Amino acid sequence: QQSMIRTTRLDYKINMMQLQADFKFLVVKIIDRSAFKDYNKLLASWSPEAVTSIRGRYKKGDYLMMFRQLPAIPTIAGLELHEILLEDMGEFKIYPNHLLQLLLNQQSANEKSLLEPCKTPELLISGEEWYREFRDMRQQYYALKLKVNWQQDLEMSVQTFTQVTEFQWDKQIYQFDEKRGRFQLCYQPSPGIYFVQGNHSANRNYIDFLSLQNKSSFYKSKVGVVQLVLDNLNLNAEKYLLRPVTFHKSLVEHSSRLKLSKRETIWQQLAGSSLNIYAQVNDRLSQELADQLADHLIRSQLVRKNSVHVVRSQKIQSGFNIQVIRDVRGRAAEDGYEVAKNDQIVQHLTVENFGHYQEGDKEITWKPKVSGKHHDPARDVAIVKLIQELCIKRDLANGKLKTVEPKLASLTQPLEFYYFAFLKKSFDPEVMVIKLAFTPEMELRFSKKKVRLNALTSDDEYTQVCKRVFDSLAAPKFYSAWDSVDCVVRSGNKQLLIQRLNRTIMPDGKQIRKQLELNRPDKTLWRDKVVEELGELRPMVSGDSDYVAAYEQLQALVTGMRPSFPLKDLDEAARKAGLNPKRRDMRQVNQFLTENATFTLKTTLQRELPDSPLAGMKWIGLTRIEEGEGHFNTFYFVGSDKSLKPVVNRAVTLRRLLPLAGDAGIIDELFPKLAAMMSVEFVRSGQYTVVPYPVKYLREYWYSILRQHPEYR
DNA sequence: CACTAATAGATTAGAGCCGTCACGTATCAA
DNA sequence: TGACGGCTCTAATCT
DNA sequence: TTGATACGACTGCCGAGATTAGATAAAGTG
Ligand SMILES: [Mg+2]
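Residues numbered from 1 in each chain as written, not as in the entry; some residues may be left out. Chains lettered and ligands numbered in written order. Part of a larger assembly, values for the part shown. Heavy atoms only, no water.

Our focus in this paragraph is the pattern of salt bridges. For side chains bearing opposite charge, pairing can occur when the charged atoms are close. All told, the structure shown has 34 salt bridges when counted by the stated rule. Salt-bridge contacts for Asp-295 lead to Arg-299; the nearest nitrogen and oxygen are separated by 2.6 Å. Remark: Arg-299 and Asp-295 occur in helix 6 (residues 284–299); sequence separation between them is four residues, near one turn of the helix. You can call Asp-295 partly exposed: its relative accessible area is 34%. On the basis of relative accessible area, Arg-299 is assigned to the partly exposed category, the value being 46%. A salt bridge links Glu-443 to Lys-400; the nearest nitrogen and oxygen atoms lie 3.9 Å apart. Of this pair, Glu-443 sits in the loop between strand 20 (430–436) and strand 21 (449–452) while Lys-400 sits in the loop between helix 8 (381–398) and helix 9 (407–412), and the two are 43 residues apart along the sequence. Here the salt bridges do not stand alone but share partners, grouping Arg-9, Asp-153, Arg-503 and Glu-627 into one network. (Salt bridge = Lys/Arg side-chain N within 4 Å of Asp/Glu carboxyl O. Helix = DSSP H or I, 4+ residues; strand = E, 2+ residues; numbered from the N terminus. Buried < 20%, exposed > 50% of the residue type's maximum accessible area, 1.4 Å probe, protein only.)

Time to look at the sheet that holds strand 15 (residues 274–279). Read from one edge to the other, the open sheet built from four strands follows the order 16-15-17-18, with strand pairing classed as parallel. Edge positions in the sheet fall to strand 16 (309–312) and strand 18 (344–350), since each of these pairs with one other strand and no more. Taken pair by pair, the neighbouring strands of this sheet meet at an average axis angle of 20 degrees, ignoring direction. Against the sheet, helix 6 touches strand 15, strand 16, strand 17 (319–325) and strand 18, its axis set at about 160 degrees to strand 15. Sheet strands touched by helix 8: strand 15, strand 17 and strand 18. Its angle to strand 18, the strand with the most contacts, is close to 145 degrees. (Pairing = 2+ DSSP bridges. Axes fitted to C-alpha atoms, helices over the stretch in contact; angles between N-to-C directions. Contact = heavy atoms within 4.5 Å.)

Further remarks concern the state of the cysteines. Under the counting rule described, the total for this entry stands at zero disulfides. Left unpaired, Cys-118 is separated from the closest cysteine sulfur, that of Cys-186, by 12 Å. Judged by relative accessible area, which is 10%, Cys-186 ranks as buried. (Disulfide = S-S within 2.5 Å.)

What follows deals with the protein's contact with DNA strand C. In the neighbourhood of DNA strand C, 37 residues make up the surrounding shell, with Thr-160, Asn-353, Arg-655, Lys-696 and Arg-699 lying closest. Near-protein atoms of DNA strand C (within 4 Å) split between backbone and bases, with sugar and phosphate holding 75%. In the environment of DNA strand C, a sugar or linking oxygen lies 3.3 Å from a nitrogen or oxygen atom belonging to the side chain of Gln-347. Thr-689 is positioned such that a nitrogen or oxygen atom in its side chain is 3.0 Å from a phosphate oxygen of DNA strand C. Elements with a contribution of two residues or more to the surface near DNA strand C: strand 9 (154–164), strand 18, helix 8 and helix 18 (694–706). Of the residues assigned to the surface near DNA strand C, the class counts are ten nonpolar, twelve polar and 15 charged. (Near = heavy atom within 4 Å. Polar contact = N/O pair within 3.5 Å; in protein donor to acceptor, adjacent residues only side chain to side chain. Nonpolar A, V, L, I, M, F, W, Y, C, P; charged D, E, K, R; others polar.)

Let us look at the packing of aromatic side chains. Inspection of every chain in the model, using the stated rule, returns 24 aromatic pairs. Arranged with centres 4.2 Å apart and planes meeting at 5 degrees, the rings of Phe-446 and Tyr-701 form a pair that is stacked. Highlighted residues: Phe-446 in the loop between strand 20 and strand 21 and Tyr-701 in helix 18, separated in sequence by 255 residues. Judged on exposure class, the residue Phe-446 and its partner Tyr-701 are both buried. Among the aromatic residues, those joined into a ring-pair cluster are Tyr-131, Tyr-141, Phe-161, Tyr-174, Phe-176, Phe-183 and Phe-195. (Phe/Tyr/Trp six-rings, centres within 6.5 Å; stacked < 30°, edge-to-face > 60°.)

As a structural note, the neighbourhood of DNA strand B is formed by 29 residues, with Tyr-63, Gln-172, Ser-480, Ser-685 and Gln-687 the closest of them. Restricting attention to atoms of DNA strand B within 4 Å of the protein, one finds that 71% of them are sugar or phosphate atoms. Contact between DNA strand B and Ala-202: a phosphate oxygen at 3.1 Å from a main-chain N or O atom of the residue. The side chain of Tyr-206 places a nitrogen or oxygen atom 3.4 Å from a base oxygen of DNA strand B. By residue class, the composition of the surface near DNA strand B is eight nonpolar, nine polar and twelve charged.

The structure is reproduced here in structure tokens:
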């Protein structure tokens, strides 16, 4: 099969002539910063259809006004207002993307909506679900800001709004339009409750990416809200777009579905070794946690099966060493953090974060997650991660590569990985270029060199690689640019650049909406209509004995209930009759109903299917986005190996594969190796790692240097 | 008994967060 | 100092 | 006779109106 994935990039073509015929456009220059008040007064006076913000590095405008009927253009000092034509829209650097922004700004969150005029430059969507109150009854919504950037990528960033009682003439004031379910700018004092951007409370606000619990829950997520808005826009503004707004479709090239290992198989490296559990002296709170953890580890079957000796001493011994300390990083206190010596491997854990101690408790309350067939305390994710970090620190200190299996190490040896860190607190722009090389004996060969961006004419390998990365980066002046780049994998003269981006993977939201509509619980059904439909669909079943038997049982079950019923009644009747969706026969019936019937008891979303709408969120693959004409930009994604849970909190970002040196075949020949390195368990607990695993070694090695060189911290 | 007065945005850049490290159950291979 | 990694507020940059 | 691999993880209801007698109970001045 061929998997299809769609990113945040949009495909659309605005029907320019119809838009020009139905509207008049105005461009507002703002020269004087004090003239913002006059501009706000003008906006309060007028009533435009939509407003977007033209702003570029070569400024020829500051706002675009979409007017159904152009008003009398006035003359105000500090503003230049002049009606333009869409054929001359290139004169003010108005690309065919602020027009889609206007049409987006006219939209609404509600299903089956129309083009309602609006004056807010940005589309901020918030309902009643994304709302909470404080002890001062400060209403604090948080919306979902939608915006199409200069490269036609949709951004869905979360915007949080707080409540203010009185109008602020110097700050921006926002008012919640409850009917349209979206925030709006307030230019004049208005009845209602005012809002301002910001979130100063302790807890953050996260909007779920997508949820498959049901259609109602799906509509209150990033993907669901985006789908609602896109479908609305594709419907009400049918004339204005020659082609509908759809996310750009792309083909996966190198799909990798390597299964991970059980997280608790890391104790094999610890076989026939010792763990010296000890804590910070004269601190009872850490001592009891250390004692409890040591006792759990001793009694654990996995520890006792692998022949691992766990002892609770009072000081650091040779070999592995887990330390328990009070976190004194923030305020002033004695530093219980002990730095490891020559042959000692230390891995500290605090009490506040690891032991889950909030300020006030008299004693520890840490309880390892022992869920499973037989309860075992050496299987918790935190303990496994501690052991994995101990194994990695052992590799770093010993200089040998021994925690990566023996077959993956052979495939990784002939490749060299560079690491970059923009050296802050340096007058001259300087970057530290680390380089990890592997000897044929699987030995680490870290070797760095400080490189100045001004003096890039040197001919060493570090200077060459830094110069090549320097050219590719958009804004090398800042440090976030150098933070975006992960590593530069090198194979001889070939060099490949891995860089993080902001474009994420979007699932096929339309198909998810269509299926969840079929599986909608409160969907009323007609007994006669459903019976007739199932009778007509009977010939198409043609499966095995149990499948057809379950289909006939469901067909005969429908007649039992009342002439009309919600789908929940049918679902409960099937469940009581023994049609558990987990069964093999009922699953095929559910799939058949999803593909062909107007209803389905269970939806085949979490199932692994040849063409799933959840493509790109589950496996590792490589994509080739056009990004214009002939550049053939290459990207890849990393998804969760396990089956997706009903909710997915975070999207999956797209890294970039830019060949600094060599031809285009560098990607096609090195990507399988990178994917093989990315299928590891120690770097990321229970998941794939987005970047190759030697990036973890480089990051740990650089942190070790930072521990001794405050000049680079 | 008393107020008047009369008020940068927009867009990135980064520190630091949470939150996810999957679990109990039917089910085909070996 | 479980740690990775997306990403959210917020100080910074930029007129 | 058990060690895999693919998928389940279920939230309720949804106002108006009309009739009584019932110790109490502080601390003020423009
Ligand atoms: Mg660490």
